[PDB]
Amino acid sequence: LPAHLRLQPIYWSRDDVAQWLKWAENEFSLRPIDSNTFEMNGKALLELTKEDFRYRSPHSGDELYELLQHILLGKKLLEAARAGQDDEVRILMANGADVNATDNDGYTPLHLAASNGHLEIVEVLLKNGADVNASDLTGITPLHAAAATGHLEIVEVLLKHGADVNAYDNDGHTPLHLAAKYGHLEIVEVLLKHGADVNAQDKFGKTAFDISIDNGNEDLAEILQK
Ligand SMILES: [Cl-]
Ligand SMILES: [Cl-]
Ligand SMILES: [Cl-]
Ligand SMILES: [Cl-]
Ligand SMILES: [K+]
């Protein structure tokens, strides 16, 4: 994955800017432009106006400018969701921020609010079209994240909004496996009531029951047996 897709633009080097232009030409089917159309770094790109972009690229400048704004607003929303800043989330969405923006790990605002326990933000994102089943780079969904971190009310809201109870990540772990690993008995019970496959096996040959034993969560193993 190229640097410019892994960094916020304020950190892009001069070379990153050139690579971004070439990436955008292909991603957005734009008229080709010379790699030196913007002889500057990312911090400099952020100083230019839309009119400056249009001057430098008559065919694509407006698009390029708006792609950068999309990244900036997306990052503010990710950070506001992570930090539980309900008011900032509200302002950013009213300002058009992408509710399905992703960070360097594939985490969306919904992933971050779910992982950090911010129930009101989870609810507002879902009401406004956040993808309840978005999968990060390793296959983790918002439901995995809420289950692993012990946020029962969020688990319930995600399930009510259509979260896949049996989604599996790159290691074959379902939300049930993660709840078992971290000892979250009440979450295990909710997942089971919503159709979690108690017999799902991870890439290491283990079920949730095995994981619960391995982690000393004997109360969970009890619930899983019966
Ligand atoms: Cl700006
Ligand atoms: Cl955005
Ligand atoms: Cl399985
Ligand atoms: Cl599975
Ligand atoms: K994602």
# chains A, B, ... in the order shown; residues from 1 in each chain; ligands from 1
$ closest_atom_pairs --of "stretch 56-152 of chain A" --to "stretch 30-42 of chain A" --cutoff "8 Å" --atoms "only C-alpha atoms" --output "JSON lines"
{"residue": "A:56", "atom": "CA", "partner": "A:37", "partner_atom": "CA", "distance": 6.3}
{"residue": "A:57", "atom": "CA", "partner": "A:33", "partner_atom": "CA", "distance": 7.4}
{"residue": "A:59", "atom": "CA", "partner": "A:31", "partner_atom": "CA", "distance": 6.4}
{"residue": "A:60", "atom": "CA", "partner": "A:30", "partner_atom": "CA", "distance": 6.4}
$ residues_near_ligand --ligand "ligand 3" --cutoff "7 Å" --atoms "only C-alpha atoms and all ligand atoms" --output "list in words"
residues 199, 200, 201 and 202 of chain A
$ closest_residue --among "A:141, A:69, A:48, A:120" --to "residue A:89" --atoms "only C-alpha atoms"
A:120
$ residues_around --residues "residue A:152" --least-positions-apart "4" --cutoff "8 Å" --atoms "only C-alpha atoms" --output "list in words"
residues 146, 147, 156, 186 and 187 of chain A
$ closest_residue --among "A:49, A:26, A:8, A:138" --to "ligand 1" --atoms "only C-alpha atoms and all ligand atoms"
A:49
$ residues_near_ligand --ligand "ligand 2" --cutoff "8 Å" --atoms "only C-alpha atoms and all ligand atoms" --output "list in words"
residues 69, 70, 71, 72, 73, 74, 75, 77, 96, 97, 98, 99 and 101 of chain A
$ residues_near_ligand --ligand "ligand 5" --cutoff "9 Å" --atoms "only C-alpha atoms and all ligand atoms" --output "count of residues only"
18
$ residues_near_ligand --ligand "ligand 4" --cutoff "10 Å" --atoms "only C-alpha atoms and all ligand atoms" --output "PyMOL selection string"
chain A and resi 166-169+171-175+177+196-203+207
$ residues_around --residues "residue A:104" --least-positions-apart "5" --cutoff "9 Å" --atoms "only C-alpha atoms" --output "PyMOL selection string"
chain A and resi 5-7+137
$ atom_distance --atom1 "atom CA of residue A:221" --atom2 "atom CA of residue A:206"
13.1 Å
$ select_by_dssp --residues "stretch 23-212 of chain A" --states "alpha helix (DSSP H)" --output "PyMOL selection string"
chain A and resi 23-28+42-45+50-56+61-82+86-94+109-115+119-127+142-149+152-160+175-181+185-193+208-212
$ closest_residue --among "A:117, A:9, A:162, A:109" --to "ligand 1" --atoms "only C-alpha atoms and all ligand atoms"
A:9
$ residues_around --residues "residue A:215" --least-positions-apart "6" --cutoff "12 Å" --atoms "only C-alpha atoms" --output "list in words"
residues 177, 178, 179, 180, 181, 182, 183, 184, 208, 209 and 221 of chain A
$ write_last_selection --atoms "C-alpha atoms" --output "CSV table (one decimal), in the first residue's frame"
chain,number,residue,atom,x,y,z
A,177,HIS,CA,-14.5,-16.3,20.0
A,178,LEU,CA,-13.4,-12.8,21.1
A,179,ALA,CA,-16.0,-12.5,23.8
A,180,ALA,CA,-14.8,-15.9,25.1
A,181,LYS,CA,-11.1,-14.8,25.0
A,182,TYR,CA,-11.8,-11.6,27.0
A,183,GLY,CA,-14.2,-13.2,29.5
A,184,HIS,CA,-17.4,-11.3,28.6
A,208,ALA,CA,-15.0,-20.6,21.8
A,209,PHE,CA,-15.2,-23.3,24.5
A,221,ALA,CA,-17.1,-22.5,29.6
$ closest_residue --among "A:62, A:68, A:24, A:11" --to "ligand 1" --atoms "only C-alpha atoms and all ligand atoms"
A:68
$ residues_around --residues "residue A:65" --least-positions-apart "4" --cutoff "7 Å" --atoms "only C-alpha atoms" --output "list in words"
residues 50, 53, 61 and 69 of chain A
$ write_last_selection --atoms "C-alpha atoms" --output "tab-separated table (two decimals), in the first residue's frame"
chain	number	residue	atom	x	y	z
A	50	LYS	CA	-10.08	25.16	-4.96
A	53	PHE	CA	-6.37	23.52	-7.96
A	61	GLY	CA	-8.47	20.19	-9.96
A	69	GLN	CA	-11.16	17.53	1.92
$ closest_residue --among "A:119, A:130, A:114, A:161" --to "residue A:144" --atoms "only C-alpha atoms"
A:114
$ decode --residues "stretch 190-205 of chain A" --atoms "N, CA, C and O atoms" --output "JSON list (two decimals), in the first residue's frame"
[["chain", "number", "residue", "atom", "x", "y", "z"],
["A", 190, "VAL", "N", -25.72, -12.96, 24.92],
["A", 190, "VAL", "CA", -26.48, -12.23, 23.90],
["A", 190, "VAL", "C", -26.15, -12.77, 22.51],
["A", 190, "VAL", "O", -27.04, -12.93, 21.67],
["A", 191, "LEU", "N", -24.88, -13.06, 22.26],
["A", 191, "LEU", "CA", -24.51, -13.55, 20.94],
["A", 191, "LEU", "C", -25.18, -14.89, 20.67],
["A", 191, "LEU", "O", -25.66, -15.14, 19.56],
["A", 192, "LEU", "N", -25.21, -15.77, 21.67],
["A", 192, "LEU", "CA", -25.86, -17.07, 21.51],
["A", 192, "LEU", "C", -27.35, -16.92, 21.22],
["A", 192, "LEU", "O", -27.90, -17.63, 20.38],
["A", 193, "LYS", "N", -28.02, -15.98, 21.90],
["A", 193, "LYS", "CA", -29.44, -15.77, 21.69],
["A", 193, "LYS", "C", -29.73, -15.24, 20.30],
["A", 193, "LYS", "O", -30.84, -15.44, 19.79],
["A", 194, "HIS", "N", -28.75, -14.61, 19.67],
["A", 194, "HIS", "CA", -28.88, -14.05, 18.33],
["A", 194, "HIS", "C", -28.30, -14.96, 17.25],
["A", 194, "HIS", "O", -28.04, -14.50, 16.14],
["A", 195, "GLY", "N", -28.07, -16.22, 17.57],
["A", 195, "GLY", "CA", -27.72, -17.19, 16.56],
["A", 195, "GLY", "C", -26.25, -17.43, 16.34],
["A", 195, "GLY", "O", -25.89, -18.03, 15.32],
["A", 196, "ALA", "N", -25.40, -17.02, 17.26],
["A", 196, "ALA", "CA", -23.98, -17.32, 17.13],
["A", 196, "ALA", "C", -23.77, -18.82, 17.04],
["A", 196, "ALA", "O", -24.37, -19.60, 17.79],
["A", 197, "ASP", "N", -22.88, -19.23, 16.15],
["A", 197, "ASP", "CA", -22.52, -20.63, 15.98],
["A", 197, "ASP", "C", -21.53, -21.03, 17.07],
["A", 197, "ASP", "O", -20.35, -20.66, 17.04],
["A", 198, "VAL", "N", -22.02, -21.79, 18.05],
["A", 198, "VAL", "CA", -21.16, -22.16, 19.17],
["A", 198, "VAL", "C", -20.03, -23.09, 18.75],
["A", 198, "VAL", "O", -19.02, -23.19, 19.44],
["A", 199, "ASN", "N", -20.16, -23.76, 17.61],
["A", 199, "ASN", "CA", -19.19, -24.72, 17.12],
["A", 199, "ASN", "C", -18.21, -24.16, 16.10],
["A", 199, "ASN", "O", -17.38, -24.91, 15.59],
["A", 200, "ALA", "N", -18.25, -22.86, 15.84],
["A", 200, "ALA", "CA", -17.29, -22.26, 14.92],
["A", 200, "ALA", "C", -15.87, -22.50, 15.42],
["A", 200, "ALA", "O", -15.58, -22.34, 16.60],
["A", 201, "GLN", "N", -14.98, -22.86, 14.50],
["A", 201, "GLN", "CA", -13.61, -23.22, 14.84],
["A", 201, "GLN", "C", -12.67, -22.22, 14.17],
["A", 201, "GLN", "O", -12.82, -21.93, 12.98],
["A", 202, "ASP", "N", -11.68, -21.72, 14.92],
["A", 202, "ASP", "CA", -10.73, -20.75, 14.39],
["A", 202, "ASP", "C", -9.64, -21.46, 13.58],
["A", 202, "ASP", "O", -9.62, -22.69, 13.47],
["A", 203, "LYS", "N", -8.70, -20.67, 13.05],
["A", 203, "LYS", "CA", -7.63, -21.21, 12.22],
["A", 203, "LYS", "C", -6.64, -22.06, 13.01],
["A", 203, "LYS", "O", -5.82, -22.76, 12.40],
["A", 204, "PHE", "N", -6.69, -21.99, 14.34],
["A", 204, "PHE", "CA", -5.82, -22.77, 15.22],
["A", 204, "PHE", "C", -6.51, -24.00, 15.75],
["A", 204, "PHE", "O", -5.96, -24.68, 16.63],
["A", 205, "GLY", "N", -7.68, -24.33, 15.21],
["A", 205, "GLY", "CA", -8.38, -25.54, 15.57],
["A", 205, "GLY", "C", -9.19, -25.43, 16.84],
["A", 205, "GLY", "O", -9.53, -26.47, 17.41]]
